[PDB]
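Residue numbers (PDB author numbering), protein chains in the order written: chain A, 1 to 45, 63 to 165, 184 to 400, 459 to 540, 570 to 640, 644 to 672, 680 to 710, 781 to 821, 844 to 880, 886 to 902, 927 to 1051, 1055 to 1317, 1330 to 1385, 1393 to 1443; chain B, 54 to 417; chain C, 1 to 115. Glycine residues also receive a C-beta, built at the ideal position from the N, C-alpha and C atoms. So the structure is just underneath, and the comments pick up after that.
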Amino acid sequence: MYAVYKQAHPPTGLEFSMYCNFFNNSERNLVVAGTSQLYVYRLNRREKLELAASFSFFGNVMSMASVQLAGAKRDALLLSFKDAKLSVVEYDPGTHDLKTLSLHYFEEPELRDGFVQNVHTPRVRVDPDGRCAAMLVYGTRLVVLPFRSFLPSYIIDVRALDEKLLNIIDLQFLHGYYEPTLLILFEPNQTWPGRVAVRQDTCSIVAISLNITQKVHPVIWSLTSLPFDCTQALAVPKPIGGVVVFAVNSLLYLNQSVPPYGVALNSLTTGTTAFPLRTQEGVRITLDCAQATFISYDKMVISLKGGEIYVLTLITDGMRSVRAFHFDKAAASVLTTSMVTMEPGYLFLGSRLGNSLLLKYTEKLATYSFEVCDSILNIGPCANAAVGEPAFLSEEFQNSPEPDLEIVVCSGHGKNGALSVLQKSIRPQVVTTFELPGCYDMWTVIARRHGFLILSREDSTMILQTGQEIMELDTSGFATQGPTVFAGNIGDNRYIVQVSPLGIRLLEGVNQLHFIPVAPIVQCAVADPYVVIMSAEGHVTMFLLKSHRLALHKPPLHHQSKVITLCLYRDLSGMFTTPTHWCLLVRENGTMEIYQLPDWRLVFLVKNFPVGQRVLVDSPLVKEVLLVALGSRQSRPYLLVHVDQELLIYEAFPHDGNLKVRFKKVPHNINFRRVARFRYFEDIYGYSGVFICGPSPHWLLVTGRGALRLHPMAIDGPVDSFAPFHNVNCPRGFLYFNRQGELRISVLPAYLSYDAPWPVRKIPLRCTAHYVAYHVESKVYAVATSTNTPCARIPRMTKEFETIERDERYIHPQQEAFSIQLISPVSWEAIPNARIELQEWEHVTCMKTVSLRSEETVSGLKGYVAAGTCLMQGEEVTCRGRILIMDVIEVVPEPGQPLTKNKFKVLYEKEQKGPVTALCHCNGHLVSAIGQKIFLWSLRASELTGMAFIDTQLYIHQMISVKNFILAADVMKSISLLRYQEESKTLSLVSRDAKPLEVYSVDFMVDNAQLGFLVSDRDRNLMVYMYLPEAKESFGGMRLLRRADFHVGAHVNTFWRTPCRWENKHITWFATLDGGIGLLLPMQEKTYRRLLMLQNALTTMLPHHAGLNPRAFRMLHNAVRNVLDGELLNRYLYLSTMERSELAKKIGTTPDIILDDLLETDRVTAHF
Amino acid sequence: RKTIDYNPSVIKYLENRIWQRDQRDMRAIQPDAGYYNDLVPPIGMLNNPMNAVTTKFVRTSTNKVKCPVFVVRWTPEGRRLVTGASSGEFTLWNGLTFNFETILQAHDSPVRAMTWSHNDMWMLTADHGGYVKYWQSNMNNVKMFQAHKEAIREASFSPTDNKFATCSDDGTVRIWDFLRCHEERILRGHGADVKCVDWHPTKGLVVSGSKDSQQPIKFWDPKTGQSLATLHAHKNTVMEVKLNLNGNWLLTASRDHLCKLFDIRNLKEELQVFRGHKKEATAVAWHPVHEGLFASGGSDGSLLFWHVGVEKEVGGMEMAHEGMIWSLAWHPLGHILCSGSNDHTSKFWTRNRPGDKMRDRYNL
Amino acid sequence: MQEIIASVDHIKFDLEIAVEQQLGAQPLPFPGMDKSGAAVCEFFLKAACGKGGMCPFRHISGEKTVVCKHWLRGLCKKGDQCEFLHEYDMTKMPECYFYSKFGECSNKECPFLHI
RNA sequence: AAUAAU
Ligand SMILES: [Zn+2]
Ligand SMILES: [Zn+2]
Ligand SMILES: [Zn+2]
């Protein structure tokens, strides 16, 4: 019934791109957006993209455009969302956010002309002159948005133009015209590729001059014979002018004053186009799904299907009348979903189903050579996921109760098809453990290898000399009669300084130079060559390295209120303007004051710092604060403050003699419910960041990509202290204390990239990964992959075959050849000679690991791997399948290849009496949908005997069982519910949803006693059904009744359950088809009802990005909203304490209780 | 023999769903004969309704009794097509190879109505004698009674199947209770033979097309039995009254060679008229998946495919079928269409295959 | 692997309880119906259902051996009173008519027993 | 056995 939706992995995969002036008019930026995310990238000159800002929307973007409005200092963004929503957003200096300028709703019921199912997406266009704009709404309404910043827009009934335009394909704003001219590529008389002998060429192009003031839109330059297969159209820039139409097997250039010039590409146009077409020489390609863009007025770059990159030149004479075309196959690249020419010499190839990569071109010595400069990690369409246990786990952590797992996803497609070994937390590879009692804090110094190691005890202090052998010292050179408060590197990794309550000592190494005596010191921070020590009463002293010898300089500070914390900073990249040294500071009254180290003039001030404002502008009980520069060359600083067992971390941005900087908070999921807590490591496996100790350890990493990443170390429980390490036996690695006083020498596992939001490894297979399954015995993964080959035979029936013979300008259809691999978790490299090659056309419809019963094992089950294939040979050849039951065995490994000890064993393979469209097991049986039925087989020695069959539906494509109940799923009709009574071999239909529905996948929502059937929809809806026989709508349980509803922002295809870290409730994780991972955690009635009030308050009394509505977004497609929104509920933690108190008092609950309810949903959702 | 299997197309669509987010990512099917495996069901290609203009001919299904077919209906799962002939026979044909399975004797009088309940369970019928019968999915008759004293021309279930409405040549529309099988109210007022009745998908309307020129179409109230409205749409003898599943349009089909799309919300303004039938339009079938596309069976045998928003016909087969078409039933997927005929026969039509010179006798 | 991390064997479900007791199962109407695909009565097997002929579920007897050939096709009207076995055991299937009388079996996917 | 092969 009740639940809460939480998002684990944000969607990956861009959809739109553009090179606009987002931040200011001086320098342009690359703005790329996925589904519900917008990223503004930079270019750092190796050429690496850097993330500038990211924003999340309560909607799925359907287009994007930019305008330089009259008098603006920026570029406005014309976002477009589903069902005719237009939002004009803009960057907002001083809040570092996306402000909204004008949001237009066009959801009148009369604009749709009575069409309930909307199959058209909005498409936003703009003039190159920045004079107008447009939007094709519902495919028949055109919202013209005039520009002088805005003017009262109007709607053009495109169907009521001088000629009614139907089935509009693409529309563009033209170049070099007196009035905004719009091209409309449309099909007045639609046709289909399979019906082209009676409707040969059905396309047209029309240009309409938009008169803004008089609202009159005449027609000029109409053409009415274009080939039927016209996919898109591009407007050639001003010097030449006109438009190019990207037919599937053709390319046109059209201008109003000159005849058309079209060239064919492949000889599939012989009888499908009567348009006068030439025959291109030396080129045979298809422009069916191909991005494109213009390098200059003459050349354009095309990225076809398959990723091949071409560079087409518009050969023209001195009259600028395009005379000829010239293609040339340049370096191939990813499958692109968008493209944009960033620089004079650069390009960007965005992609959703494959990593998006930035290119760079140079002239060959008319001809260009394309290199690659950067790529963006992309967990592409998550077709499948097979949760498994990591191969390597330290014997130290082998004794923990909670399971340690990992998920392997079938991401990408085609040439970019791969596997994604996703994990959530950091698992150290402990090398050596020392049982040291009492000591809690430590510091690793450098004397780059860490020469020493200083440990703090209650009364004494012992130092370990690391290197060849780690051994405690006994001689002089350090203070041992008392605890150490700080010990680090002063100078440039060439001097040693340790801080003691009685003073500060400067050491050159083993030896000690001199002792400077000094309210015992409680905290110290060092920024070379500046050392600052804070006493217990708030006194602050400054020390400088004056030649070496530390020098005393009392800082002039007026202590109106006592200083509670203080931090030291040293900026290398100029952002703290008006390298330089700054001493952050937090006062008792709540004011934060960035200072100047050389001088001491006040440079910043915030009136109420502990509150947690979402933006800090110039002029409780904060415990620790740390300001450190993270990123390439230490460019973008971050502020981390520990206040009232709650962590809030501020970014930094510039904004115009006080500091020309401002700090903005960033979303968060860390709850902390004198020993430092933020530990800065400069190089740990090649990473820089901060380690946050405490009850929930977390790792703060940000690479040259500039994007912040937070990773937890849940295994081994809380962490007391931490320190980086670099030894001869231990390479770049760390060193932390356990709650049980267990020092742990560790090293980060080397097979994972900690740049992604979740530590991931991409296993490029170079083929299409379809399924994945984990065999518990022998602990190996199986993978079903497909590779494309040209098709040279046409299956027929009478069997016979026909050979495909044509001319040399012919495009061969891509046939798929399937095969089942065996991926070893130990090295993530396929196992040689362990591969199953299926028949010629066999398409693996399903593949799962199945626990069929057996008697050899002590338990009643064995755990083979079961698959179901199917011969796809057109709609005219009867479709039949095969069940393939493979067991992974062990053999003596071949010498030199330890990974060849495994090998598939084909117990069973037979030609069934229909396609095996779905598979599952029930209490040790095998259930399989073979056509219009579901069978239930028993595992004999090497055969399968049938037990009970029943008829279900058209096409069952997803089955799953609990104990005796089978939850089928149909492509069109609905889910079902079938029950197996073991005593008598009968399969019975318990219930069945009575309404049509295009299902994607099914799973189970498990509560203590009730059982809900979580179902995913084509329209991106998540709903929970139930079997309640004592209700009225369901006669005797005959109907299944929906009890929960939710509209997720992405398609979901796979589910899996993990118990809450809550007596008998299970989480139901899913991975969306755009690289996202979410949860669905059940909840109690009281909790759901008392959080719905907070959700309503958040929806109503908060401003949202682009002015969107959260509540309207989540309404399904009648709606029974029993699923909370953990993404919208998260914004309550973002709010300051004052705003939290105000909203809580408004809704009638207390902030502490609301937090307790919110933080438990994170505590019990910390798996993987 | 011919065998139109939708499994390859459904598997191909299931494969595409993973990495194609709309039609904008769909790789272009080419008009070449070697592109047999690139098809997807109408569910895949959604913004190109052109594909489900089923003009390819698969096979002609005839009985050995040779009696005109008055109603054809597909089993809710599509497993087979049931055919109500003029002798009461219930011939069942396969749903994948369209081959004879079994011939029953359901009614003593010609079958005229056959509606499968909104759930798979039940299948109402009706014959020239007025009798109504209940059937299970295993073709076992469960109950029978006389609903009207004159031939029932149609029977339509409610959104929740507890009630169904029937129309008779007696000139009245009655509304019955499913389980009790007891008439509730007689919706009198048409004054002449009623030839169609369609229960609105959700709101609970009962529209009816009548042979009387004064009130050719009336809107009823299932509960109170009132007459919510009247509509003077056609000149004579509205043959088929069908409602769109979206709950907005009402498409009629009269004996004046015309089919008119009406908006139930606005009965004063005629929304669209579909000219192009050379003779009476005696059948209509909205598409299961494409809202806007529908077929049409003329009294000359012509079979036309229309769309809402397009002035001219999308394209059909004049002389698609000898005699006059009586009913049309799309396959639940929508990739096949069976046409009943007065010429003792029915025919199966499927989408064209890419790469065929459309020289068939029903095409050119 | 799904049954190892999260097991559903120690949880007594409301669905299990409901189907165990035939909860909310109203007697079917029209005594002449069949209602194929319905579970077997769990009460008639121990003592008695108490709703003979009106039961939503199926009442079974241990006498029939040959599998109903119409039930396979999905159209047999006798149903609860069918004189032939109603399970998928493919060892009591009828003997192939063509093999037994008209020589051999034309189709190679025949499930009828060949003797 | 009620059309398994119409
Ligand atoms: Zn019983
Ligand atoms: Zn039987
Ligand atoms: Zn045989």
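When you compare the CB positions of residue 361 of chain B and residue 284 of chain B, do they come within less than 9 Å of one another, or not? no
When you get a sec, list the residues whose CB is within less than 7 Å of any heavy atom of ligand 3, chain order please. C:96, C:98, C:99, C:105, C:107, C:110, C:112 and C:114
Pairs of beta-carbons, one from the segment 1024-1036 of chain A and one from the segment 468-480 of chain A, closer than 8 Å: are there three or more? yes
Contact set, ligand 1 heavy atom to C-beta under 6 Å: C:41, C:43, C:44, C:49, C:51, C:55, C:57 and C:59
Of the residues A:1345, A:1231, A:513 and A:1337, which one's Cα is nearest the Cα of residue 1036 of chain A? A:513
Considering only DSSP beta bridges, list what residue 97 of chain C is partnered with. Looking at the DSSP assignment, residue 97 of chain C forms no beta bridge with any residue, so it has no partner.
List, in chain order, every chain C residue whose beta-carbon is nearer than 7 Å to that of residue 1237 of chain A. 39 and 40
Does the distance between the C-beta of residue 32 of chain C and the nearest non-hydrogen atom of ligand 2 fall short of 8 Å? no
Beta-carbon contacts of residue 119 of chain A that lie in its chain and below 6 Å, excluding the five residues immediately before and after: 105 and 185
Which residues in chain A have a C-beta closer than 7 Å to the C-beta of residue 63 of chain B? List them in chain order. 1211 and 1227
Boundaries (first-last residue) of the alpha helix (DSSP H) holding residue 67 of chain B: 60-69
Through-space distance from residue 606 of chain A to residue 620 of chain A, alpha-carbon basis: 7 Å
Just tell me which of A:69, A:228 and A:1437 has its CA closest to the CA of residue 718 of chain A. A break in chain A separates 710 from 781, and the residue in question, residue 718 of chain A, sits inside that break with no coordinates.
The segment 334-346 of chain A touching the segment 306-325 of chain A, judged by at least three CB pairs closer than 8 Å: yes
Exposed or buried, what is residue 1307 of chain A when buried is set at 16 or more other beta-carbons lying within 10 Å of its beta-carbon? buried
With three or more beta-carbon pairs closer than 8 Å as the criterion, would you say the segment 1426-1433 of chain A touches the segment 75-85 of chain B? no
Residue range of the beta strand (DSSP E) that includes residue 12 of chain A: Where residue 12 of chain A is concerned, there is no enclosing beta strand (DSSP E), given that its DSSP letter is neither H nor E.
Can you give me the start and stop residues for the alpha helix (DSSP H) that residue 19 of chain C sits inside? 14-20
List the endpoints of the continuous alpha helix (DSSP H) containing residue 1364 of chain A. 1353-1368
Using a cut-off of 8 Å between C-beta atoms, extract the partners of residue 1292 of chain A located in chain C. 24, 25, 26 and 56
Chain B partners of residue 76 of chain C, CB-CB under 9 Å? 191 and 193
Taking 9 Å as the CB-CB limit, is residue 79 of chain C close to chain B? yes
Return the chain-ordered list of same chain residues with a C-beta closer than 6 Å to the C-beta of residue 871 of chain A, the five sequence neighbours on each side being excluded. 899 and 901
Under 7 Å between beta-carbons, which chain A residues line up against residue 1 of chain C? List them in chain order, please. 480, 481, 1027, 1029 and 1105
Can you tell me whether residue 382 of chain B is buried or exposed, with buried defined as 16 or more other CB within 10 angstroms of its CB? buried
Using a Cβ cut-off of 7 Å, pull out every chain B residue sitting near residue 29 of chain C, in sequence order please. 232
Partner residues on chain A for residue 13 of chain C, Cβ-Cβ distance less than 7 Å: 1265 and 1267
Just the chain C side, please: which residues come within less than 8 Å of residue 1241 of chain A by C-beta, in chain order? 87, 88 and 89
Quick one: complete beta strand (DSSP E) runs, 3+ long, within the segment 1152-1219 of chain A? 1158-1167, 1172-1178, 1181-1186, 1189-1195 and 1200-1202
With a 10 Å radius around its C-beta and 16 neighbouring C-beta atoms as the bar for buried, classify residue 1378 of chain A as buried or exposed. buried
Which whole-angstrom value describes the C-beta separation of residue 302 of chain B and residue 324 of chain B, a residue pair presumed to lie in contact below a C-beta threshold of 8 Å? 7 Å
Whole-angstrom distance between residue 1067 of chain A and residue 319 of chain A, CA atom to CA atom: 8 Å
Per-residue contacts from residue 66 of chain C into chain A (C-beta, under 7 Å): None at all; the shortest Cβ gap to chain A is about 16 Å.
Name, please, each residue of chain A whose Cβ falls closer than 7 Å to the Cβ of residue 89 of chain B. 1047 and 1130
Would you tell me roughly how many angstroms separate the C-alpha atoms of residue 1381 of chain A and residue 76 of chain A, rounded to the nearest one? 6 Å
To the nearest angstrom, report how far apart residue 990 of chain A and residue 533 of chain A are at their CA atoms. 7 Å
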